[PDB]
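Chemist: The amino acid sequence is not available; the structure is as follows:
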């Protein structure tokens, strides 16, 4: 229960037998033999009991007896006994009366391994026996059988639709064909960015400042001059030389506040986005306001691509993220949720040290390049929209026909701007973005791409089927064996005909 | 000095023994190399004792390693294997009810009054019963043994009395109880493990068969899916609805209990079919027993059937070889095998087929060395006289519906 | 000498006194009847070795004899047995927080094992050596001393074992607090196994009943199965598919929650049918609700109906007794019974007929002494004018897909 | 460190008399009809304890009065003796019965009482409530007697399946039931009552064969007798009557063997030398 | 429910008349667990029953049938805490049936 047990055998061996050859030799040999044929035997036999690791074919057979599987169709015994064709297989045998050392062409070569019903790999035998246990204890439930198919044939690992792993069971419930939970993204210089069918608004007054008066500077210390916005000639991600520079001189603890209509609301997720390029400093600092002192803070490293700092002065922060864009550009996004209604403004500043704050002292004059601010509700950055003293409201698209999937855009897609979609449609889900349209600059109505595979319903009553094979490279012998009703390894309900087949 | 694992044919871990050489080789090169390990010497005797102890160790380890797979296990060891699949080992019953007694006047019938039925009943009276001057009372009864019993419906005989209490009788209102008997099933538990292998499962042929087999006094059961619904015939038994599970239960279980178990193994939305007239015997004609849905709502109906009873016969011709006299141990073997007592070969079940070669094999099981010559069998319906020697053949088809029963007197053996 | 310590009723384990005496007797028989089996002499050492062995094996066999029984297994054997059905014991990992901010000065070096502490205990040890840069702030990685989901709230951790130069530690919001796990006990594994057995020992209708009734806000449920082979009324609801299951859910639950439960309790193959017109409100549209199967990204569609809503009107002509009562009390008692808050009486669930005798029973139970003269009941469609006098009857019968509610305003109490 | 308790059962409750008071219990039990006896010499009684015990122990209220329908007519007392060392206990049960006699042995300055308790002194029963069987087997008459007396029974004999005509219709009280069961078939199979269990077994058979008591230490010497082996021993809380014993003597090597117990003589004194039990045993078959 | 008292010893054997039967349970420390050998009315019922908390000693039906009872450990068996902390309880037929019905839907 608790206070130890010996069982060491070598306990017999007093201090006297300290220089003995023979007594200690006998005791050590006896201990080794008892170890070999009790402890090692029981360890190997427990590994034999373990069905997940029944590599030992003898254990697979013990399980064929336990579950009651007909073992005629299994492929136990060691391999390398079939001649067939090829230098990797056996060869015929003759009358080597002299018994030469190479043992003529082979030590054997037989027809063992008759196909079209018999599986040879022992791993699939283990899978089959697990499936038969599932069939024995099955009550016909479909979520249960799907989860156990997952567990057996994928070791409980989620799979994508490029696999086409095991499928449903007796449940004559066809899936979809309407389209639901649809999302659309557009691919451009902003990369992978979604669009909203509902009116989304950017509340910042100006997204790209070219004048200092655009965003004022706030500095409680006021030790030095405030941050000054300066127009710069650098290729902005939109494809223009319209970026701006924020410069923090040495000894200055100022930050530029973007004028925003206030307040933004109580208990609403707030998203701040903007585009930055590495300059003199390697990183930038941003703050989302709230009631004093509940301001949320964040710092984005423009080079390493790490959001190394996000400070919660209260329950504000939810998420912070950086999206990579070509020419060394980064969209820094901060999503903040606070039950307060005091979201007043967003402050930006250059940072000297990797954890420098919005008002941290700067030892030098450091400049950074920013462009294209955006402040919205929700919790996800959206397509950048130009604002010049206006809280711009815009609606990306309207889905005119759900069944056919044709989608109407507010404006025609610019040339080179691709469109991806996700959701479920035509009895198939697209959990990954699937391209369906390339912008030509003149058309705005586009037809979606077919998602996953098989209409699905398999019309009928009290009878369905499986679907498997493009994923796991299951043997045709395996599929044929599972398709035999006599063996009865498949989870079945009486009064349902289920054929496995299906690749 | 080795553990031979029979990979698929015998599924047994077998010891190899021959450890004496290994043990004396250990004594060598440890005590030296010139040890005289011949017998009649101290070292030889003790090395022999060590070898014997190691052989016993190997035997015991092999047995305990083999007991995991069935067909080689035994009590409280095969029982764990059954309990893995939830095959309940089984429960007991010994109680009757609502008998009848006719007596004289103002008599107090005795506690545990012994009465014998013509099949050696030996039943005690449970309640302390005092009769009435009218001349009739009711007694509760319990069998002397825990074994499964079925008393005859008519009053038979008495043991313990007072010369006044005339006799005990049985009425239709008397209830019969259906008992098990320790584990009976010592090797037919091994036989029934393969059938009741989906007790814990529901909504399937195997699940239905297992769950209805778990009902007491279901000695056998047949369940046919008939899944390819176009009416037709599937694995025997002509059908009416396209797809319906057909259940034929043997034995004499409680109607309500077996119906409730059949309902619990509901299968879902597939109906019950037992039509085509002769296919089995209807339990309640049309519109079988209703039973109530545990998911409270509505009053459904569950329909199954009972097999057509058959009476089998056997004539054997033996030679009494090896000078080992055994005149009347043959029909005992035949009925023992038919009842399902033997291991690995389930006897006459609802789907069986009475075979001369099978019964000859059973006789060879229970007594070798007699040189069976002729083993004719044949069988007739539940009634009917003996089928005459002309009918006696080597095989009876015994279609999927219908069960044959072999009596001790129906089997006759002639010595040549 | 060694008896038969395996036998049939499990392994027999004798005491080490007995096995030592047995080995001693064997050695006396082997070497000599009067040999000194002292603990220090070589023969006694051999005896002690043969006694420690030949006992370790007995204990091992007795430890793993009936190990295939899941109800009494242990350790990795229980792990293997319970992994057959997908239940897997977890891993005893620890919280693995990353990016914890460190504040200090100059070039302070945080070494492995610094053992920071959260305010509520929970000592986290540093797992990566980090030197503070000239800014004074850096990031470290900490792991929990114990195992499991140790909470790591955002705040200033106190330092237990701090070097000279370390100022403090802060859990910024970018700290990636990865929770751990505390494995799973053998008893908990048996618990999960028996839970799974209870889940997979139910048929279609019982599974639907249990799973859907387990959902919050579900007051009652009516589950019906065709099981007849024809479109008809089985016992009160007119079906529309020959083989289907029709389910009506009362209460005001979450549609997605009940859809997930009913999908998990799907028997399968047997499709849901909405029934014919006015067989319960065919809510969720003609096409059922789609839910995503947790196992695979394939969804499944489910169909169920909300009950036909009915408004119940009650007229009572109770007579005041010696004690004073108010009509609000009568209405409260009636509405309590209707909602089913009273013990014993189920209430006015889906498919429960509205009986004036039942209403009078509730009134008599809650308000004794009050003499009831006339109790009358009536039922109308939802959102309809109150029925005129004379439409009220002595008892109202309800369909199998309707639910009637009595509000406080539908009770008309008259003091005669 | 002997631990001896005399536990009465009184309307107030159990008042346990411990081993600190000078107590002396002489119990004598046997495989006979006769009720096993226990003489109890208890000194050091206070006036209050004497009032609470001796006044309740009486032979009245059933002779010149009525006050009787069930138990509480006479006080039932049990005896729990054993050893105790290192904190562990060994208190078994050695006697259960009702007091019948009460006198005083030692006058002042040590007022010591001497009571006499007998097992099943509730012959003040209900004059046989349920009539005995008319014609029945021996085991069945034994079951009826056990049910009448309220005791659980252990019946193990080869005479059970023998019918009797009128088996005990002359019985007048419950105690006479044991007399009748002893009267019929008396060469070997003698029935008795050990504490709360009514035992009906052959005299050459052990009640619990798995409960043999290997005995190696004796006080004196295990000597012969005209029936079996007789020996005294220190109190072992595992030796009952009719039990199996596996005597392994040193002084007398011919008395070794397996014996069944017929008699028992407990002599337990907390504050005196005698703490022995004497066993009469006969060859066991 | 009848609480069978225990002694803080590795190996012991307790004999008692419980539930109209003569039980004898030998509890011994085996390796790192407790095992029990249970006999009823003299004949041996089971050997080497591995003792676990809440989980009945007599596991299969024919031993606790009919209404013979069963023995339950409130915690995992450990002789160091016997008598104080861990107890063994005996249930008769109806009570063991109720306990089984409770424990089969957990």
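Modeler: Looks like it came in fine. Numbers count the residues shown, from 1 in each chain, chains lettered A, B, ... in the order given.
Chemist: Would you map the helices across chain E?
Modeler: Ranges of helices in chain E, per DSSP state H, are E:93-103.
Chemist: List the residues that contact whichever residue of it sits closest to chain A.
Modeler: When scored by C-beta to the nearest C-beta, chain E has residue E:78 as its residue closest to chain A, at 4.2 Å. C-beta coordinates here come from the backbone N, C-alpha and C atoms, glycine included. By C-beta atoms under 8 Å, 6 or more residues apart in numbering or on different chains, the residues touching residue E:78 are A:1, A:2, E:34, E:86.
Chemist: Give me the spatial nearest neighbour of residue 17, chain neighbours excluded.
Modeler: Went with chain A since none was named. Residue nearest to residue A:17 in three dimensions, not counting chain neighbours: residue A:23, with 4.5 Å by C-beta to C-beta, 6 or more residues apart in numbering or on different chains.
Chemist: my bad, the chain I had in mind was chain E
Modeler: Using C-beta to C-beta, 6+ apart and skipping residues adjacent in sequence, the residue nearest residue E:17 is residue D:152, 6.5 Å away.
Chemist: and the one you found, what does it touch?
Modeler: For residue D:152, the contact set (C-beta under 8 Å, 6+ apart) comprises D:146, D:196, D:197, D:198, E:17, E:20.
Chemist: Check residue B:253 too.
Modeler: So residue B:253 contacts B:178, B:215, B:216, B:217, B:218 (C-beta under 8 Å, 6+ apart).
Chemist: Give the burial count for the third one, as a bare number.
Modeler: Residue B:216 is flanked by 19 other residues according to other C-beta atoms under 10 Å in any protein chain shown.
Chemist: What separation do you get for it and residue B:97?
Modeler: As judged by C-beta to C-beta, to the nearest Å, residue B:216 and residue B:97 stand 16 Å apart.
Chemist: how close does the residue in the stretch 201-350 of chain A positioned nearest to chain B sit to chain D?
Modeler: Scanning the stretch 201-350 of chain A for proximity to chain B using C-beta to the nearest C-beta identifies residue A:267 as nearest, at 43.2 Å. Remark: distance between residue A:267 and chain D (C-beta to the nearest C-beta, to the nearest Å) = 66 Å.
Chemist: Tell me if the residue nearest to residue A:17 really is in a helix.
Modeler: Yes. In this structure, residue A:23 lies within a helix as judged by DSSP: H, G, I helix; E, B strand; the rest coil.
Chemist: which residue is nearest the middle of the chain?
Modeler: All of this is about chain A. By C-alpha atoms, centre = their mean, chain A has its centre lying nearest to residue A:158, at 8.4 Å.
Chemist: nope, chain E please
Modeler: For chain E, residue E:71 is the residue whose C-alpha lies nearest the centre (C-alpha atoms, centre = their mean; 3.0 Å).
Chemist: Identify the residues contacting that one.
Modeler: With contact taken as C-beta under 8 Å, 6+ apart, residue E:71 is in contact with E:4, E:25, E:36, E:38, E:56, E:57, E:58, E:88, E:89, E:90, E:91.
Chemist: how close does the closest residue to chain D within the stretch 251-400 of chain A sit to residue E:54?
Modeler: Chain D sits closest to residue A:315 of the stretch 251-400 of chain A, with a gap of 58.5 Å, by C-beta to the nearest C-beta. Going from residue A:315 to residue E:54 by C-beta to C-beta gives 43 Å.
Chemist: Kindly report the same for residue D:199.
Modeler: To residue E:54, residue D:199 is 37 Å away according to C-beta to C-beta.
Chemist: Now do the contacts for the nearest residue to residue A:403 once chain neighbours are set aside.
Modeler: Closest residue to residue A:403 apart from its sequence neighbours, by C-beta to C-beta, 6+ apart: residue A:178 at 6.7 Å. Residue A:178 is in contact with A:402, A:403, A:425, C:287, counting by C-beta under 8 Å, 6+ apart.
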